[PDB]
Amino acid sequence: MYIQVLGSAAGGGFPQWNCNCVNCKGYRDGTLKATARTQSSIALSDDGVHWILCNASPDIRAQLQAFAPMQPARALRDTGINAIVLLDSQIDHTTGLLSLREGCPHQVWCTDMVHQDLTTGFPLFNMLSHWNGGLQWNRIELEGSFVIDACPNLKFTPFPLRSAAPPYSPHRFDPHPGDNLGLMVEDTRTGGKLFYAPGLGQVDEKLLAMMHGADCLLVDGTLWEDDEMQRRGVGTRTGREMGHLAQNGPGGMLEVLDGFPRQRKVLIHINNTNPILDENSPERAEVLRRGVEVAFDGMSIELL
């Protein structure tokens, strides 16, 4: 199984178009060691030639250009994508599709709740249907596992992730399971298991239980402190909107990860406010020492 990190930032990526905070005002000022990041998004494959896109970010164009396998040039008008999985119906996880319209049809994998939002509040499916077949919806049942034709060696098993639909959803006040869910990918050939959850509110008994059975833990590292938005003074919300659950602890990520030493633990979906975006920073050190790698654009994780 080949895991490619196309995007590693969050929300407005990094630096954010309209944010002049420490990390952003800093990065632009050349007075801060850090690397720009596009909206979180990873690709998956078993043969390294056929890839399944996980969440289509608004930085889809640049992200594809930066990865050669996304363009095998095995023929004029050809792509390295064979299917896309949607973990929710957020704008920053589905806007990319609009940019893939010139290459339809695409096999989109998403629950019924998400497919509902994508045919109503944000009619990506309706819109694109006017583009050579459009998108072929593939339901992601709330129970069980699925497998895509392009990569028959990858076994997907999505787990429920207590969350709420985007503000444009016809049921934003009526949270149904299937709105936002994590992913458990297993390489049926070797047995390897990747635990992907760029969106985590708080772990429980059922989560941790299945986490230990994973070789690689790709959890979200949005904010260092539950109220990063408060210190930086750029946001109102806290530990709830756009990747929650800080890492500082207690009850934090860095803490819960401690019970997972025999496995690769990486932090993806980093917000522009997170201090772990500063190479030579104190909070960065704590993450490295704890044995947790901070995801970055271009990163290539593999299990085999």
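Numbers follow the displayed sequence, beginning with 1.
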* Structure fact -> Higher avg CA temperature factor (78 to 86 vs 180 to 188, as deposited) belongs to 180 to 188
* Higher average CA B factor in the deposited record is what I'm after, so tell me if that's 10 to 18 or 287 to 295. => 287 to 295
* Specify which of 120, 132, 163, 111 carries the largest Cα B factor in the deposited PDB entry. => 163
* To do: Select one of 66, 256, 52, 49: the residue whose C-alpha shows the highest B-factor in the crystal structure entry.
  => 256
* Structure fact -> Here the Cα B-factor of residue 277, set against its chain, lands in the third termed highest
* C-alpha B factor of residue 228, ranked within the chain: lowest, middle or highest third? -> highest
* Asked: Lowest, middle or highest third: where is residue 202 by Cα B-factor in its chain?
  -> highest
* Asked: Which third of the chain holds residue 149 when residues are ordered by C-alpha B factor: lowest, middle or highest?
  -> middle
* For residue 141, the third of its chain into which the C-alpha B factor falls -> middle
